[PDB]
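S.K.: following this: a sequence and the matching experimental structure.
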Amino acid sequence: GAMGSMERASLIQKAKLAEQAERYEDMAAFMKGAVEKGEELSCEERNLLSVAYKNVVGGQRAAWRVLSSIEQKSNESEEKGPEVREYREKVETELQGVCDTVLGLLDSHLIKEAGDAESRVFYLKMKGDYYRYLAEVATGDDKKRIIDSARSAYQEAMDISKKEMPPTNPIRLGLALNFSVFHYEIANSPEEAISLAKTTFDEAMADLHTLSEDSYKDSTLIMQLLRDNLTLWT
Amino acid sequence: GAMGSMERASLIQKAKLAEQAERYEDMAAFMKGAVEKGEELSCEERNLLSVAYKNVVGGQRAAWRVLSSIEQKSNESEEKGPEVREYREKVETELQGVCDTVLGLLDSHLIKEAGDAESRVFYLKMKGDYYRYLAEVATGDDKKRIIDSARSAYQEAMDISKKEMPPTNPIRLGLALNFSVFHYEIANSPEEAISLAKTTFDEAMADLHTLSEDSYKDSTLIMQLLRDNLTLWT
Amino acid sequence: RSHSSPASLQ
Amino acid sequence: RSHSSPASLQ
Ligand SMILES: [Cl-]
Ligand SMILES: [Cl-]
Ligand SMILES: [Cl-]
Ligand SMILES: [Cl-]
Ligand SMILES: [Cl-]
Ligand SMILES: [Cl-]
Ligand SMILES: [Mg+2]
Ligand SMILES: [Mg+2]
Ligand SMILES: [Mg+2]
Ligand SMILES: [Mg+2]
Ligand SMILES: [Mg+2]
Ligand SMILES: [Mg+2]
């Protein structure tokens, strides 16, 4: 890897600089290099890893949706040749490559070394997320297997989070939020999505009284996203 | 080049798709491929080329300024090692590479084949612009030569535009706008910047009566930028 | 589309 | 900073 010669601490320092500069492709390459040093990641470092790749894949997802929309209109009317499909495929392939890279880092060897609930749930949620992003563009004979891989990762993360974390924990909340999005947008299960969002919100509400002002702010921020989705979905 | 096997028309089509998707690095690579087919560019194609590279270098300039600011603070107080300088240099080198690529396309062979005022002035303005972007980060023994290259290109474009284009022509206006920015920001000549902006604005004002509603809108949009600068500068 | 989680979680 | 020209010019 091109980052093999750089110190771990320097990679982390430069990841933070790249974030400030909104250079998320650089940020992701720096954090990939940091992961490949082989040491476990701290809470802050896990968040840097997620911020970097979420922004990279976020740009690819937005582009893919634009191109896919154009492609579907073309098939309603004038023929224009293969270019729209070709370029949609180009972006799609790049997106799939980023997802495969993240999933590879989780499998080699972030997840197997993660023993604390906060790290293990964070990484398993990430695994579900990037299989979900793959599912968003999947159309062939492995769409079903991609969907079940996302579901399986989310479910393992959910089981741990319910046993080991309070209902207001932001990682637990963000996991439940994203699993509910998986149900609604990927798995054709809107009722499951709604039920999960409502129970997650209500169980967090009842635990807010235990929190400091700062933790209350962290938790209510994610709870509002659950509420926004319920308003969209009902 | 990686685009050598793709049809010119397909490259243009995909450049327009990339613009819609806000994939400006792709857009620039497609338009570079189109230029390298060796045919002259139409007005629309010249604008696609400029849009693509302006957005690419615009992201690099914004990142460079963030990192340069951090670097200058570090030199006011705790030592943190070479990382800020290294990463600023990385972005700076990538920025310089993009500028060199654009200048290479203009020199091989866009400018020498451009005979009409609209194309020749557009390309000479671009040459001035990308030498100006190089000047923004230049600090060594060639800063003076980079600045004079920008000045020389802008001046040739100005001479042609005053002889061959009406004072409201958007290319002429955008050229004068950018030459005035060169004077203010690069050449330490605020009075020259102000004088050029005012005379450009006033000569355009007096020619607006000749224009259709749509051309009036095109011209007044650029005139407002001249006015915004005069308000900042005085 | 539905809202998903921010990347950074405490 | 000063405003410069848009990329697309008619
Ligand atoms: Cl980026
Ligand atoms: Cl393509
Ligand atoms: Cl799993
Ligand atoms: Cl881009
Ligand atoms: Cl670097
Ligand atoms: Cl010149
Ligand atoms: Mg070391
Ligand atoms: Mg027809
Ligand atoms: Mg929060
Ligand atoms: Mg051909
Ligand atoms: Mg000190
Ligand atoms: Mg205009």
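M.R.: Ah, there it is. Numbers count the residues shown, from 1 in each chain, chains lettered A, B, ... in the order given. Ligands and ions are numbered 1, 2, ... in the order given.
S.K.: residue of chain C closest to ligand 6, please.
M.R.: Closest residue of chain C to ligand 6, Cβ to the ion: residue C:7 (46.4 Å). Any C-beta I mention is one placed from the backbone N, CA and C, and that applies to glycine too.
S.K.: contacts only, for that residue.
M.R.: Shown in contact with residue C:7 (Cβ atoms under 8 Å, 6 or more residues apart in numbering or on different chains): A:47, A:50-51, A:54-55.
S.K.: including neighbour count, secondary structure and distance to ligand 12, could these go into CSV?
M.R.: What follows is these, written out as CSV (neighbours: other Cβ atoms under 10 Å in any protein chain shown; DSSP: H, G, I helix; E, B strand; the rest coil; distance: Cβ to the ion, whole Å):
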residue, neighbour count, secondary structure, distance to ligand 12
A:47, 17, helix, 43
A:50, 23, helix, 41
A:51, 20, helix, 37
A:54, 22, helix, 36
A:55, 17, helix, 32
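S.K.: who touches the residue sitting furthest away from the middle of chain A in this structure?
M.R.: Within chain A, the residue lying farthest from the chain centre (Cα atoms, centre = their mean) is residue A:78, at 37.6 Å. For residue A:78, the contact set (Cβ under 8 Å, 6+ apart) is empty.
S.K.: that one in helix, strand or coil?
M.R.: Assigned with DSSP: H, G, I helix; E, B strand; the rest coil, residue A:78 falls in the coil class.
S.K.: may I have the phi/psi pair for it?
M.R.: phi -70, psi 140 (degrees, to the nearest 10).
S.K.: up against chain B, what does chain A have?
M.R.: Applying Cβ under 8 Å from any Cβ of the partner chain, we find that chain A lies next to chain B at A:10, A:13-14, A:17-18, A:20-23, A:26, A:59, A:62-63, A:66-67, A:70, A:80-81, A:83-84, A:86-87, A:90-91.
S.K.: please repeat the previous calculation with a cut-off of 7 Å.
M.R.: By Cβ under 7 Å from any Cβ of the partner chain, the residues of chain A that approach chain B are A:10, A:13-14, A:17, A:20-23, A:63, A:66-67, A:70, A:83-84, A:87.
S.K.: show me how to select, in PyMOL, the buried members of those residues.
M.R.: With 16 or more other Cβ atoms under 10 Å in any protein chain shown as the burial test, the buried ones among the residues of chain A next to chain B are selected in PyMOL as follows:
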select buried, chain A and resi 10+13+14+17+21+23+63+66+67+70+83+84+87
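S.K.: and which of the residues of chain A next to chain B is nearest to ligand 1?
M.R.: residue A:23 (5.1 Å).
S.K.: right, and the closest one touches residue B:63 too?
M.R.: Yes - proximity of residue A:23 to residue B:63 meets the contact threshold set by Cβ atoms under 7 Å, at 5.2 Å.
S.K.: contacts only, for residue 8.
M.R.: Picking chain A for this. A:34, A:37, A:39 (Cβ atoms under 7 Å, 6 or more residues apart in numbering or on different chains).
S.K.: chain C is the one I meant
M.R.: A:47, A:50-51.
S.K.: would you pull up the residue in chain A closest to ligand 4?
M.R.: Nearest residue of chain A to ligand 4 (Cβ to the ion) works out as residue A:59 at 7.2 Å.
S.K.: cool, and chain C?
M.R.: Counting by Cβ to the ion, chain C gets nearest ligand 4 through residue C:7, at 19.5 Å.
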